[PDB]
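> Provided hereafter are the protein sequence and its experimental coordinates.
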Amino acid sequence: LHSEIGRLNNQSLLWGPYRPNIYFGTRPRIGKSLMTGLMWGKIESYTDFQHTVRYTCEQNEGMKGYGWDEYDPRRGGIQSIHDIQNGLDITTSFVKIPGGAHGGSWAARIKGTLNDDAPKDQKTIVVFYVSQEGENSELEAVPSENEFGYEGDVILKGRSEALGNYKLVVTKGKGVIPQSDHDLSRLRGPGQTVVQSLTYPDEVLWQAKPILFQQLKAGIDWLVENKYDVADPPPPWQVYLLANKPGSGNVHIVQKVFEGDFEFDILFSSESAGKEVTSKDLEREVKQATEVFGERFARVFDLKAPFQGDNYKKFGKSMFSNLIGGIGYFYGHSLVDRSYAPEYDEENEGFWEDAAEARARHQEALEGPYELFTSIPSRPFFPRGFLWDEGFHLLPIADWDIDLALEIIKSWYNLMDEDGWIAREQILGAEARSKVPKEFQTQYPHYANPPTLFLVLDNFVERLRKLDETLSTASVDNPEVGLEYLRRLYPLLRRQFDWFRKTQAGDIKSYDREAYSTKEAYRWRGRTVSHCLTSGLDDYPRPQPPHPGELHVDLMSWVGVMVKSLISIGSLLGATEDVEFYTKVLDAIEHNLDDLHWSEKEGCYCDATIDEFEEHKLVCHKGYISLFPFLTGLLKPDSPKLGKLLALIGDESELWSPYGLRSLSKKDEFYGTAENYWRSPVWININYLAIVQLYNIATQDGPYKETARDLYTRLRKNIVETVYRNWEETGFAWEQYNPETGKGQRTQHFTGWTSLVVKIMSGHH
Ligand SMILES: CS(=O)(=O)c1cc(Br)cc(NCc2cccc(CN3C[C@H](O)[C@@H](O)[C@H](O)[C@H]3CO)c2)c1
Ligand SMILES: *[C@@H]1O[C@H](CO)[C@@H](O)[C@H](O)[C@H]1NC(C)=O
């Protein structure tokens, strides 16, 4: 039955708009297959279209906003794009139709409406670009009856091992098509849908913009050669209309020009299924998907007071939809330094200069290929897998569709190498790389990232203990299936646990350090004078200078999160030998958090170094780091240390702003200094951890029940309202929030862990 659910999940999830790096495009969960993308831009001049054309996601003055109004990857959804530069409001509706043996069928409606500022007679170029990778696959444009292009539908017939036989149709659509009275119309026609069918080597098919522009340029060169000149030039929109040449190839460019509003459909029909998909099917299944999205949202994200209002529900639907709508399928080689240079051990003072010298040997090489199916922080800025971000992303997604979340977890752990390393940043293939400066592509097998994916696994375990509808929960509804998933993943979780303990070890034994355990102590590898990128809190202040005797309380707390998860999963699988070890490690971390990291003077947890005189020193910088044992759920609800942490959390002069918890205390010497990334702003991912732990204490007997209830109530309200007010004013989820003004700052379209807000509103943890 595990095998049966696996195949049905495969078939359900195969097709999607799984190219979140571009406004709109489709690909299946197959490395070398059929991909589509949408391009559009106004044309007012002989030179403007190169500057107006849209393809890859951006955010700037020219784009008001964009995102998914509703989305669920098994069914499809609706995207809204508000383009000021091109004066267009665009809708892309995408729907999946199950059937046959090859992942089913799908359809898209593209609709563009001029805004009130646009010229009513605006000419808009729209391109549908289709590519297919594979040695033994075929794709052919059926030629038109008409001389110069198509009056009706463009039909593509293709075949592959992976998709079987299929037909991809771009409909005639509705809208005025401009007609040229120019002499050129005798050879190029007066204006119509055109198709160019081309072949390039498989590895460059993703470069749609340059491929398109090379064809436009060859057309303009043809005009120059054949005496079309500035004495009497064709109109711009005819100069940029490709000569019709349909045929077979691994690239097909479908170009339409519209005057005023337009719409057209894309119908992908799987031959292995029944009747071919129609525009009538598309309209019906779009209406059905909305109805089903609506009913699941009310069940899963039942917003509690005081966020019951319709405004909050629309806000919640927008944040959730953009998070799950960012799901991508990536395929290609990663760039990895596999030298394991001894400088990467960082055992000496000044280790950052040694490691810089090693990096400057440039022994990094492409390896793979790998695939990844994952949500992303940001379409315009970070359209790729980040390891600790994905733990936050999957908390709401698992509520929606636990089988989807387990698919993404499996996809991530299938990247783990023999030693137990997953790269914190997955840049798979040339397309993924095109967005990342070379200096920043190379992954390092000594760089960790917080194991936040274990949190998702903890939610799954608690749910396990206590057709698209049925599939979404198969892995909890059928315990045999749930357990088999954990049996197969369990060794990889354990391998990662051992990797952390082996590669991120701190030094107790070699200094004057007293503690309950000689073993449990941790130091993030990879830190520079001003940074610790691997912790996730890039520029949160750490001991100066960095030093091989450093110990990091967040890293120890993360290892606690992992042991506790392995106790749970180990127990379920009857791995008795394993569970007794985990139990002794947990006990050791509990004691060593106090013996190495607790400051009585300051009343919080601290990172540690060793002095100029080789002695253990605490270095206290009050902020997220100070609370880590509490954020990760390691403290007993009666702990005196908890009470001191609750006082710190609640203190307005330290962490507590009207807009949420500050990353760093106003009292710290490093408040608002340097890049001020994690040195004052409010981050929703760490606020979400605080909110969940306060709620845990508020719904249990103990000395802090009422303190925790008050802080829970207020922090939930402060966080939700800051994210909502900013969404209402800007249309955006932001990366972080200003604790003086409450303004969203840094990166827009951060959905992204800012979307946890939908879990905070729905409550009941
Ligand atoms: C002056 S700056 O404000 O542009 C600035 C200051 C400092 Br210092 C460092 C950086 N790095 C750039 C950078 C690269 C890749 C992803 C991110 C986004 N975040 C950063 C999160 O910290 C990380 O936890 C999270 O996984 C990651 C993904 O969501 C950012 C930028
Ligand atoms: C889905 O089935 C195909 C069959 O060719 C298989 O090779 C592929 O790995 C499966 N997809 C996954 C594991 O998501």
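Everything's here; your move. Numbering: from 1, shown residues only. Ligands and ions are numbered 1, 2, ... in the order given.

> Can you pull the residues of the stretch 501-650 of the chain lying near ligand 1?
536, 538-539 (Cβ under 6 Å from any ligand atom). Yep, even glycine has a C-beta here, placed from its N, CA and C like the rest.

> okay, stretch 501-520 in PDB with CA atoms only?
This file holds the C-alpha atoms of stretch 501-520, laid out as PDB (Å, rounded to 0.1, in the frame of the first residue of the first chain):
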ATOM      1  CA  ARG A 501      28.300  15.900  16.100                       C
ATOM      2  CA  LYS A 502      31.400  15.100  13.900                       C
ATOM      3  CA  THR A 503      31.700  18.300  11.800                       C
ATOM      4  CA  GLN A 504      30.200  21.100  14.100                       C
ATOM      5  CA  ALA A 505      32.000  19.900  17.400                       C
ATOM      6  CA  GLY A 506      33.100  22.300  20.100                       C
ATOM      7  CA  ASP A 507      36.300  22.000  22.200                       C
ATOM      8  CA  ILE A 508      35.600  21.300  26.000                       C
ATOM      9  CA  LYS A 509      38.600  19.000  26.800                       C
ATOM     10  CA  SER A 510      41.600  21.200  25.700                       C
ATOM     11  CA  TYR A 511      40.700  24.300  27.900                       C
ATOM     12  CA  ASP A 512      39.900  25.000  31.600                       C
ATOM     13  CA  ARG A 513      36.200  24.100  31.100                       C
ATOM     14  CA  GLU A 514      34.100  22.300  33.800                       C
ATOM     15  CA  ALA A 515      30.800  20.700  32.600                       C
ATOM     16  CA  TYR A 516      28.500  17.700  33.300                       C
ATOM     17  CA  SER A 517      29.500  16.100  29.900                       C
ATOM     18  CA  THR A 518      32.900  16.000  28.100                       C
ATOM     19  CA  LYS A 519      31.100  15.400  24.700                       C
ATOM     20  CA  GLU A 520      28.200  17.900  24.300                       C
END
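
> still on that earlier bit, so which of the residues of the stretch 501-650 of the chain next to ligand 1 comes closest to residue 121?
Among these, residue 538 lies closest to residue 121 (Cβ to Cβ), at 49.8 Å.

> how close does the closest one get to residue 376?
Going from residue 538 to residue 376 by Cβ to Cβ, to the nearest Å gives 18 Å.

> now residue 189
Taking Cβ to Cβ, one finds residue 189 at 42 Å from residue 376.

> now do residue 630
Where residue 376 is concerned, residue 630 sits at a distance of 29 Å (Cβ to Cβ).

> and if you look at residue 591?
For residue 591, the distance to residue 376 - Cβ to Cβ - is 39 Å.

> quick one: which of those two has more around it?
A count of neighbours by other Cβ atoms under 10 Å puts residue 376 above the other of residue 591 and residue 376, at 25 against 13.

> how does the protein divide into domains?
Domain assignment for the chain by automatic domain parsing gives 21-298, 505-555+574-620.

> what about the first one and ligand 1, any contact?
Meaning domain 21-298. No - Domain 21-298 lies apart from ligand 1 when judged by Cβ under 6 Å from any ligand atom; the minimum separation is 13.8 Å.

> How about stretch 683-700?
No - Stretch 683-700 does not reach ligand 1 (Cβ under 6 Å from any ligand atom); its nearest approach is 8.0 Å.

> Distance from that stretch to the middle of the chain?
23 Å (Cα atoms, centre = their mean, to the nearest Å).

> hmm, who's touching it?
If you take Cβ atoms under 8 Å, 6 or more residues apart in numbering as the criterion, stretch 683-700 is touched by 389, 392, 395, 624, 627, 630-633, 637, 642, 649, 660-661, 663, 704-705, 708-709, 711-712, 715-716, 719, 723, 736-737, 753-754, 756-757, 759-760, 763, 765.

> Of the residues you listed, which belong to strands?
Using DSSP state E, the members of those that fall in strands are 660-661, 736-737.

> what two of the residues you listed are the furthest from one another?
Between any two of the ones in strands among the contacts of stretch 683-700, the greatest separation by Cβ to Cβ is 11.7 Å, found for 661 and 736.

> which SS class is whichever residue of the stretch 151-300 of the chain sits closest to ligand 1?
Using Cβ to the nearest ligand atom, residue 206 is the residue of the stretch 151-300 of the chain that sits closest to ligand 1, at 21.5 Å. Here residue 206 is recorded as coil under DSSP: H, G, I helix; E, B strand; the rest coil.

> What of residue 543?
Assignment for residue 543 (three-state DSSP): coil.

> show me the contacts for whichever residue of the stretch 201-350 of the chain sits closest to ligand 1.
Nearest to ligand 1 in the stretch 201-350 of the chain, going by Cβ to the nearest ligand atom, is residue 326, at a distance of 11.6 Å. When contacts are counted by Cβ under 8 Å, 6+ apart, residue 326 touches 20, 375-376, 378-379, 383, 751-752.

> can we see that at 6 Å?
20, 375-376 (Cβ atoms under 6 Å, 6 or more residues apart in numbering).

> so how far is residue 601 from residue 512?
Shown here: residue 512 relative to residue 601, a distance of 19 Å by Cβ to Cβ.

> What of residue 437?
Distance of residue 437 to residue 601, given as Cβ to Cβ: 43 Å.

> Residue 420 belongs to a helix?
No - Residue 420 sits outside any helix when classified using three-state DSSP, being coil.

> so how far is residue 555 from it?
Residue 420 is 16 Å from residue 555, by Cβ to Cβ.

> Format the ones in strands among the contacts of stretch 683-700 as JSON lines; extra columns: neighbour count and distance to ligand 1.
Output for the ones in strands among the contacts of stretch 683-700, formatted as JSON lines (neighbours: other Cβ atoms under 10 Å; distance: Cβ to the nearest ligand atom, whole Å):
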{"residue": "660", "neighbour count": "27", "distance to ligand 1": "16"}
{"residue": "661", "neighbour count": "26", "distance to ligand 1": "16"}
{"residue": "736", "neighbour count": "23", "distance to ligand 1": "9"}
{"residue": "737", "neighbour count": "27", "distance to ligand 1": "14"}
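
> nearest to residue 166, of these?
Taking Cβ to Cβ as the measure, residue 166 sits nearest to residue 736 out of these, at 44.6 Å.

> so who does the closest one touch?
Counted by Cβ under 6 Å, 6+ apart, residue 736 has contacts 681, 683, 746.

> Residue 313 now?
By Cβ under 6 Å, 6+ apart, residue 313 has no neighbours at all.

> Assumed it was part of a strand.
No - counting by three-state DSSP, residue 313 is not found in a strand; it is helix.

> mind saving the C-alpha coords of stretch 428-437 as PDB?
Only the C-alpha atoms of stretch 428-437 are listed here, as PDB (Å, rounded to 0.1, in the frame of the first residue of the first chain):
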ATOM      1  CA  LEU A 428      20.700  23.200  -9.500                       C
ATOM      2  CA  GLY A 429      21.400  23.900 -13.200                       C
ATOM      3  CA  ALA A 430      22.500  26.900 -15.400                       C
ATOM      4  CA  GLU A 431      19.100  28.500 -15.100                       C
ATOM      5  CA  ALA A 432      19.300  28.500 -11.300                       C
ATOM      6  CA  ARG A 433      23.000  29.700 -11.500                       C
ATOM      7  CA  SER A 434      22.100  32.700 -13.900                       C
ATOM      8  CA  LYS A 435      20.500  34.500 -10.900                       C
ATOM      9  CA  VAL A 436      23.600  34.000  -8.500                       C
ATOM     10  CA  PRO A 437      26.900  35.800  -8.800                       C
END
